[PDB]
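J.: Below: one structure in structure tokens.
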Amino acid sequence: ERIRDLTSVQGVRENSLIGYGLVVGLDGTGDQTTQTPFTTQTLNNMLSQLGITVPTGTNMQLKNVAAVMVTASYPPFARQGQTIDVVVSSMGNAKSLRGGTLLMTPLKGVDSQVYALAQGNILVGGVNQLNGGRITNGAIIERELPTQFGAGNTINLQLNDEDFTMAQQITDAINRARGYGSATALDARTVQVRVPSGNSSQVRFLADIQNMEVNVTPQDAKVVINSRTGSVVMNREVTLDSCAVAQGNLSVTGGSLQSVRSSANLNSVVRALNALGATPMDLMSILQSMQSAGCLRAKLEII
Amino acid sequence: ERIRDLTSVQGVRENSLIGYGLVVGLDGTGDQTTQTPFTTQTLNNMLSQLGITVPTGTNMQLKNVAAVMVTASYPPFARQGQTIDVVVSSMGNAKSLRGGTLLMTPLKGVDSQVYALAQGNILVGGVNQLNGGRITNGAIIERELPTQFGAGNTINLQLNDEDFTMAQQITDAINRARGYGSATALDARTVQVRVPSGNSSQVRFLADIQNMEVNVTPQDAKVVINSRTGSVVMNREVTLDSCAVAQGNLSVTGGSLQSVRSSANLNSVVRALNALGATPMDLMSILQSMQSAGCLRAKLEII
Amino acid sequence: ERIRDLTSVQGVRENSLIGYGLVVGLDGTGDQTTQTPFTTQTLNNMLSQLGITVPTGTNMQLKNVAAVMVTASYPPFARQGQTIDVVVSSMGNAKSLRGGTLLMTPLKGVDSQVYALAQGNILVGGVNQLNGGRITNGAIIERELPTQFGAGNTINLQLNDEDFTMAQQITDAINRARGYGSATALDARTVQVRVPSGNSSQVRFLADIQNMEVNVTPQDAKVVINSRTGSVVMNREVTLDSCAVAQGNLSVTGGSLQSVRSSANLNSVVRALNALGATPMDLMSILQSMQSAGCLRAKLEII
Amino acid sequence: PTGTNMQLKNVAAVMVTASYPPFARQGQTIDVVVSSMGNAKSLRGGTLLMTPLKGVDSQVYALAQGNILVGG
Amino acid sequence: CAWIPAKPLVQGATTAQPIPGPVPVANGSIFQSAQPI
Amino acid sequence: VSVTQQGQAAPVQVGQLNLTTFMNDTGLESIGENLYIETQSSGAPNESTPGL
């Protein structure tokens, strides 16, 4: 059950759907409608569609209606009649969408075609975000996408992370499990697999391939630094080289220059860095300086 | 597993993608839209695309919408349908993006072509940055880049750091592992490797090469000084020469002139510099003066 | 491993790259944009490139955008696809760049050609500088420089410090290690080395030469005085001549005239100068007066 | 545009001085001194942009760019 | 009178074409200087 | 708001000055310099064209 966790099947992908709607039933926490003319304009549009023509010159000050944007994911092999979850986000000067209801909303694709219709009740946590909510099974699929699955005798497994070693390992595992020339590698990210012609046979082949177990070879050493959240993460391949480190208000537990020993595994690296007595914000600067000097034998990525 | 940590494969590189978008669902912490006309202009553009035409003369004062810039990395051998992480950063006078949602955003390359589409929910730490966030698997790849991998019988390993000794060591290791004329050195940074013609064979060759172990020869002595963060880092090759040092409010633990002994290894250097009793900010000036005089037998780099 | 620390190889040099960019995602600590018109002008340029045309007459008051200058180093034998670190510095009236993101920035050379593209997240220490930051692997190399390495049978080792004795020592070491006429000296700074024609052979020759050990002969006596930082550094070759010294508020530990004995090594000099009981700021004037008189048998350099 | 008010706070105009060593060769690096020229308060964490270093004959002999170290 | 040929005050060509720059040297430096005067 | 331009024989419309009406006017909070902030006792500012 590792191949399904390391790769994705070519043609089996997700799309993004967007749409505009109105959320009603709020407890006076909707749009002000004086700074958001589109709310009243679209409410008048809906009323006109339903058979009510409000005169153009009239002041409408609503409190229970909010103009919202609805986002959804079009799943692979989606069929009409199926339901998907949607996210509803306020667009202007609304206060809360706690007990609102989303009216009929057409969800358009990138090609500006309706692929789903959204309508349901919003669930809002209520420190919690008030202007955003989620509706489970809130949209029904209305259009279906053609696909080439089942045509041809080749399917590509696309690795989540590029690696020649992992691509070769997956290819060798498939060849060890299902014949000599069952899988070949095209690059560091794509493995081409030969499958029998048809739909059911390819589904069977993919079902056998997906749950296969592949031992993950060691990746590249990498230290991920998030300055916006104040976090540091080091994987198991990080090593250290011996060198001296000095930083403000940090001293030997003594002098301001502290030795850092040569470290081979991650436990040694953690011990050496904890001997410094550094706050993670200080550890960020220490790690960047050590990468500049050359002690840190890892790829420092700031995210 | 050291060659993969010391070099990069020619043609296996990452690109940078940029785009503009709108983030909705904020709790009154969005753009003021009076000092940022582009937010309202692009919201009107989106509404017009969706079928709603707000009259040109109208005052729109939103609070839950922020105009943002989205940045992403195009991975090597990227295939359409694959997902990548994106970074979302506010552009003007917005207060927070804590619970926002990124709408459909096309990510352009340097050639101003769409290579990915971004849409998802932002994660913001919440001392923490409020105007910046990250969306994991927030963008789907839409375009693929042609490449020459698998063509020809030559591939170049490019060292992260230039070194004739390390280039020769990598060349000798490859020749010791995979035949006489398997690898040759072109300069201090590039090692040319002969591979069989084809795609699968080159993937196999790179998989064997990448995890090979190479003993790292000693680099150049280097002292990295970061005055903006107040840090000093010295690698294992730094030595010291005997000389006298004087600085304000520093004295023998006595006279203001303190002797610094000749030091061969890093432990001796650390001991000699800690005998001075110098704060790291004082140590920066001391090290610069010693480099000027000639005691410091290392390359002093200010970063 | 001393020749690599004493010399540099001809043609193996570093260049400097500069560029202009915008940093977004700040927490209200960006440019005021009223005193920095170029920030808004370049933001409008970027938006126009992305497809958004903000009308010329409009007031844009941003808070999360700062105009920055990006500096980088082009390494020797740089290849496209490789990543380098960049420094990001604010240009006008910005308050902080703590959690900012650098957008697509072309790094130009002296010839005004793009050699790299910079984009990433800034790391700022946070007494610490707030308007300056560093991005590790923040720029990808896009252009490559032609070079003459591997052509001809001559390569010049350039000493960091000019010295006839050190040049002769390096020449003699190379001749002792790799044949009779392998290296010759051209001046006090340059040593010419004969290498076989080709690329791999010269890399092998330089790999053998670089890690060679050379005993450093004694340099010129030198006393470095930094009045701006208040430091004095004396190397091991400094000697003293016997003479009397008088200075304000300094007396025999008695009379204001104190004898300074003739000193041969550095320990004797340090002892004689510490017997004076002089503050380093007083020691600066004392040393300058002694150099004028002739007691100080060293070169006094003010840095 | 020529008519515009620019009031900066993070930029200082500076003069850079350096020493050309004996037998200097292109590609070699030297130390430089950076000194403020008018009404600036500090250069503690500044960065020097691309600066051509001229000789007495008004010819470029070096290019200066780096991070300044100030005692403080 | 106005048809009599005359020599203008500013004789010769009134424009100059830029000369293409010298070929850069293969030394590993971006800075390339024209032949100094 | 209309502005006359030289040569042009017709005023050019620039913008509408809208007046804000409150349902409880006494409950506004006086900031000082001739300005009032909305208050929970004087909520819902209604922006309307003057005269209606």
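FYI, nothing fancy with the structure tokens labels: chains A, B, ... in order, residues from 1 per chain, ligands from 1 as they appear.
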Distance limit 10 Å, atoms considered: only C-alpha atoms. Which chain D residues sit that close to chain E? Return them as a PyMOL selection string.
T.: chain D and resi 26-27+59-60+62-63
J.: Give as a ChimeraX atom specification every residue of chain B that touches chain A within 7 Å, counting only C-alpha atoms.
T.: /B:4-5,24-28,54,59-65,76-77,81,99,125,128-129,199-200,203-204,206-207,222-224,229-236,266,270,274,277,279-280
J.: Report as a PDB file with N, CA and C atoms, in the first residue's frame all protein, DNA and RNA residues lying within 9 Å of stretch 13-15 of chain D, evaluated on only C-alpha atoms, omitting residues in the same chain fewer than 2 positions from it.
T.:
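This is the output file result-v8.pdb:
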ATOM      1  N   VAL D  11      18.691  54.408   2.512  1.00  0.00           N
ATOM      2  CA  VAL D  11      19.734  54.560   1.505  1.00  0.00           C
ATOM      3  C   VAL D  11      20.669  55.678   1.943  1.00  0.00           C
ATOM      4  N   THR D  17      36.890  53.627  -0.420  1.00  0.00           N
ATOM      5  CA  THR D  17      38.330  53.745  -0.597  1.00  0.00           C
ATOM      6  C   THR D  17      38.962  52.365  -0.509  1.00  0.00           C
ATOM      7  N   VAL D  33      36.995  50.377   2.448  1.00  0.00           N
ATOM      8  CA  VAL D  33      36.466  51.195   3.532  1.00  0.00           C
ATOM      9  C   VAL D  33      35.321  52.027   2.972  1.00  0.00           C
ATOM     10  N   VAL D  34      34.198  52.036   3.681  1.00  0.00           N
ATOM     11  CA  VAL D  34      32.986  52.724   3.256  1.00  0.00           C
ATOM     12  C   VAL D  34      32.695  53.825   4.266  1.00  0.00           C
ATOM     13  N   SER D  35      32.592  55.064   3.787  1.00  0.00           N
ATOM     14  CA  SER D  35      32.381  56.214   4.656  1.00  0.00           C
ATOM     15  C   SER D  35      31.202  57.032   4.154  1.00  0.00           C
ATOM     16  N   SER D  36      30.278  57.349   5.057  1.00  0.00           N
ATOM     17  CA  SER D  36      29.138  58.184   4.702  1.00  0.00           C
ATOM     18  C   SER D  36      29.598  59.584   4.310  1.00  0.00           C
ATOM     19  N   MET D  37      28.792  60.249   3.480  1.00  0.00           N
ATOM     20  CA  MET D  37      29.145  61.556   2.946  1.00  0.00           C
ATOM     21  C   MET D  37      28.289  62.706   3.451  1.00  0.00           C
ATOM     22  N   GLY D  38      27.003  62.489   3.725  1.00  0.00           N
ATOM     23  CA  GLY D  38      26.181  63.580   4.211  1.00  0.00           C
ATOM     24  C   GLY D  38      25.008  63.174   5.078  1.00  0.00           C
ATOM     25  N   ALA D  40      23.962  61.266   7.181  1.00  0.00           N
ATOM     26  CA  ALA D  40      23.492  59.933   7.524  1.00  0.00           C
ATOM     27  C   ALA D  40      23.815  59.623   8.981  1.00  0.00           C
ATOM     28  N   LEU D  48      26.718  47.425   0.380  1.00  0.00           N
ATOM     29  CA  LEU D  48      27.278  48.289  -0.648  1.00  0.00           C
ATOM     30  C   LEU D  48      26.959  47.708  -2.019  1.00  0.00           C
TER      31      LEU D  48
END
J.: Kindly assemble as a Markdown table a list of the chain D residues that lie within 8 Å of chain C, each paired with its nearest atom pair and their distance in Å to one decimal, using only C-alpha atoms, sorted first by chain and then by ascending residue number.
T.:
| residue | atom | partner | partner_atom | distance |
| --- | --- | --- | --- | --- |
| D:4 | CA | C:37 | CA | 7.5 |
| D:5 | CA | C:35 | CA | 6.2 |
| D:6 | CA | C:35 | CA | 4.9 |
| D:7 | CA | C:35 | CA | 4.9 |
| D:8 | CA | C:92 | CA | 4.2 |
| D:9 | CA | C:93 | CA | 4.4 |
| D:10 | CA | C:92 | CA | 4.9 |
| D:11 | CA | C:91 | CA | 5.7 |
| D:21 | CA | C:162 | CA | 7.9 |
| D:22 | CA | C:162 | CA | 7.0 |
| D:23 | CA | C:189 | CA | 6.1 |
| D:24 | CA | C:189 | CA | 7.6 |
| D:25 | CA | C:158 | CA | 7.4 |
| D:27 | CA | C:13 | CA | 5.1 |
| D:28 | CA | C:13 | CA | 7.6 |
| D:45 | CA | C:129 | CA | 6.0 |
| D:46 | CA | C:132 | CA | 7.6 |
| D:47 | CA | C:89 | CA | 7.2 |
| D:49 | CA | C:71 | CA | 7.5 |
| D:50 | CA | C:18 | CA | 7.4 |
| D:65 | CA | C:16 | CA | 7.2 |
| D:70 | CA | C:229 | CA | 7.6 |
| D:71 | CA | C:229 | CA | 5.0 |
| D:72 | CA | C:229 | CA | 7.5 |
J.: Excluding residue F:45 and any residue of its chain fewer than 5 positions from it, enumerate the residues within 12 Å of it, using only C-alpha atoms, and give them as an mmCIF file with N, CA and C atoms, in the first residue's frame.
T.:
data_model
loop_
_atom_site.group_PDB
_atom_site.id
_atom_site.type_symbol
_atom_site.label_atom_id
_atom_site.label_comp_id
_atom_site.auth_asym_id
_atom_site.auth_seq_id
_atom_site.Cartn_x
_atom_site.Cartn_y
_atom_site.Cartn_z
ATOM 1 N N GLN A 32 -23.659 44.698 4.309
ATOM 2 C CA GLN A 32 -24.299 45.990 4.527
ATOM 3 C C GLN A 32 -25.051 46.442 3.282
ATOM 4 N N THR A 33 -24.623 45.969 2.109
ATOM 5 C CA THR A 33 -25.297 46.164 0.826
ATOM 6 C C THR A 33 -25.265 47.620 0.369
ATOM 7 N N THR A 34 -24.732 48.511 1.200
ATOM 8 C CA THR A 34 -24.446 49.870 0.767
ATOM 9 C C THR A 34 -23.038 50.013 0.214
ATOM 10 N N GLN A 35 -22.087 49.244 0.739
ATOM 11 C CA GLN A 35 -20.733 49.186 0.214
ATOM 12 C C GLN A 35 -20.520 48.005 -0.721
ATOM 13 N N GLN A 61 -31.825 47.880 1.945
ATOM 14 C CA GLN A 61 -30.820 47.705 2.989
ATOM 15 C C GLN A 61 -31.102 46.380 3.688
ATOM 16 N N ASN F 18 -22.917 61.661 -1.018
ATOM 17 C CA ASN F 18 -23.964 60.891 -0.361
ATOM 18 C C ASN F 18 -23.998 61.231 1.123
ATOM 19 N N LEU F 19 -25.202 61.312 1.681
ATOM 20 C CA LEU F 19 -25.392 61.628 3.090
ATOM 21 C C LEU F 19 -25.715 60.348 3.848
ATOM 22 N N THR F 20 -25.154 60.220 5.045
ATOM 23 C CA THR F 20 -25.426 59.069 5.892
ATOM 24 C C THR F 20 -26.481 59.428 6.928
ATOM 25 N N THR F 21 -27.518 58.604 7.017
ATOM 26 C CA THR F 21 -28.620 58.804 7.945
ATOM 27 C C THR F 21 -28.579 57.701 8.993
ATOM 28 N N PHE F 22 -28.778 58.080 10.250
ATOM 29 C CA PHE F 22 -28.883 57.152 11.364
ATOM 30 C C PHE F 22 -30.305 57.151 11.911
ATOM 31 N N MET F 23 -30.676 56.029 12.524
ATOM 32 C CA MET F 23 -31.993 55.891 13.134
ATOM 33 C C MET F 23 -32.014 56.410 14.568
ATOM 34 N N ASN F 24 -30.859 56.447 15.225
ATOM 35 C CA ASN F 24 -30.682 57.170 16.481
ATOM 36 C C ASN F 24 -29.473 58.078 16.315
ATOM 37 N N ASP F 25 -29.714 59.383 16.200
ATOM 38 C CA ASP F 25 -28.628 60.307 15.904
ATOM 39 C C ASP F 25 -27.877 60.760 17.147
ATOM 40 N N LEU F 28 -24.363 58.761 18.505
ATOM 41 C CA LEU F 28 -23.056 58.796 17.865
ATOM 42 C C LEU F 28 -21.989 59.231 18.863
ATOM 43 N N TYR F 36 -18.023 62.047 14.119
ATOM 44 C CA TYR F 36 -18.783 61.091 14.912
ATOM 45 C C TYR F 36 -18.550 59.674 14.403
ATOM 46 N N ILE F 37 -18.296 58.759 15.333
ATOM 47 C CA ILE F 37 -18.165 57.335 15.059
ATOM 48 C C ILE F 37 -19.486 56.654 15.380
ATOM 49 N N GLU F 38 -19.840 55.674 14.551
ATOM 50 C CA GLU F 38 -21.018 54.853 14.796
ATOM 51 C C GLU F 38 -20.873 54.103 16.114
ATOM 52 N N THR F 39 -22.003 53.773 16.722
ATOM 53 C CA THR F 39 -22.053 53.178 18.048
ATOM 54 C C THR F 39 -23.164 52.123 18.059
ATOM 55 N N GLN F 40 -23.045 51.143 18.963
ATOM 56 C CA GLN F 40 -24.066 50.108 19.073
ATOM 57 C C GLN F 40 -25.442 50.683 19.381
#
J.: What are the DSSP helix (DSSP H, G or I) residues of stretch 70-267 of chain A, as a list in words?
T.: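 For stretch 70-267 of chain A, the helix (DSSP H, G or I) set is residues 164, 165, 166, 167, 168, 169, 170, 171, 172, 173, 174, 175, 176, 177, 178, 200, 201, 202, 203, 204, 205, 206, 207, 208, 209, 210, 266 and 267 of chain A.
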J.: What are the DSSP strand (DSSP E) residues of stretch 55-228 of chain B, as a PyMOL selection string?
T.: chain B and resi 65-74+83-90+101-108+114-121+132-141+154-159+183-185+190-194+222-226
J.: Hey, which bits of chain F sit within 12 Å of chain B, and for each residue what's the closest pair of atoms and how far apart in Å (one decimal), counting only C-alpha atoms, rows by chain and increasing number, as a Markdown table?
T.:
| residue | atom | partner | partner_atom | distance |
| --- | --- | --- | --- | --- |
| F:13 | CA | B:57 | CA | 11.2 |
| F:14 | CA | B:57 | CA | 10.0 |
| F:15 | CA | B:57 | CA | 8.6 |
| F:16 | CA | B:57 | CA | 9.8 |
| F:17 | CA | B:59 | CA | 11.5 |
| F:18 | CA | B:59 | CA | 10.6 |
| F:47 | CA | B:59 | CA | 10.6 |
J.: Could you tell me how far atom CA of residue A:115 lies from atom CA of residue B:44, in Å and to one decimal?
T.: 22.7 Å
J.: Quick one: distance from atom CA of residue B:152 to atom CA of residue C:139 in Å, one decimal?
T.: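 Taking atom CA of residue B:152 as the start and atom CA of residue C:139 as the end point, the length is 28.6 Å.
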J.: Give me the residues near residue F:12 as a ChimeraX atom specification, where near means some atom within 12 Å (using only C-alpha atoms) and where sequence neighbours in that chain fewer than 3 positions away do not count.
T.: /F:1-6,8-9,15
